[PDB]
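Below sits a lone chain in structure tokens, taken as the form solved without the DNA.
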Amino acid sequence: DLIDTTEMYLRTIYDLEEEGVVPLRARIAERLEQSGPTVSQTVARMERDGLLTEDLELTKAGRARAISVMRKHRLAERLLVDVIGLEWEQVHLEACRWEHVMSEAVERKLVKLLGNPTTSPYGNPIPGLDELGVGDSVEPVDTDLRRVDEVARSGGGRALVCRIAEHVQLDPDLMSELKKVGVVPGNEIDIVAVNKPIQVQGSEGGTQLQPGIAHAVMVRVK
């Protein structure tokens, strides 16, 4: 189902870090729909293998493995959108499985094919291109970018859509709404002022984002 439980535990910790959220067992359980028992046993198996280690934090090995999974995921997402032509809202679900079966060998081919891509189709930067040995490393979080929930709470304003985090992409219906209204990387949006739904307004229309969703969407305020 998860295809690789360890890699999905590694990448969910890395996802929470990109979302600026503290990695906690309770959140890993909520994200991967796992029981408290299952998480505690999986975390136990991973710290033994020297992947993770206050009160969760990745090791140098676990961080590299987490990044290599994310790299495969986002290279897979580009391949699926740009070449294969799978629907924008269905691509993440596919990449969630593909990320666990891709060699570094096929990645190097995909990097050349896609022309040294830096971001996923959802605007998220592709990490570990230095460890693959075909590009520069990236910061998990760009300090220039602001979160739609922060922009809203701070009084709103017009902003450029930059990143939609992996957590948002688990809902295809939501990804369909964002595509229609025009909340997509490179498009400008109007974030209305405001635990209360954030009103976002595109060129065509708008939609209401839950705090957790709004937090995951990162924008450049004009």
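We number the residues from 1 along the sequence you see.
The discussion below concerns the form solved in complex with the DNA, not included here.
Asks: Please determine whether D173 contacts the DNA in the bound PDB entry, using a 4.5 Å cut-off between heavy atoms.
Replies: Contact with the DNA, no.
Asks: Within a 4.5 Å heavy atom cut-off, is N187 in contact with the DNA in the bound PDB entry?
Replies: Result no; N187 lies far from the DNA in the bound PDB entry.
Asks: Residue-level contact is defined here as any heavy atom of the residue lying within 4.5 Å of the DNA in the bound PDB entry; does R63 satisfy this criterion?
Replies: Residue-level check for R63: no, no contact with the DNA.
Asks: Report yes if any heavy atom of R45 sits within 4.5 Å of a heavy atom of the DNA in the bound PDB entry; otherwise report no.
Replies: Flag for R45 set to yes.
Asks: Establish, in the bound PDB entry, whether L2, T5 and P37 all lie within 4.5 Å of the DNA, using non-hydrogen atoms for the distance.
Replies: Yes: each residue has a heavy atom within 4.5 Å of the partner.
Asks: Any idea which of 65-73, 165-173, 152-160, 26-34 reaches within 4.5 Å of the DNA in the bound PDB entry, heavy atoms considered?
Replies: Heavy atoms within 4.5 Å of the DNA in the bound PDB entry occur in 26-34.
Asks: Going through 53-90, which residues have a heavy atom within 4.5 Å of the DNA in the bound PDB entry? Please give them in sequence order.
Replies: Contacts from 53-90: none.
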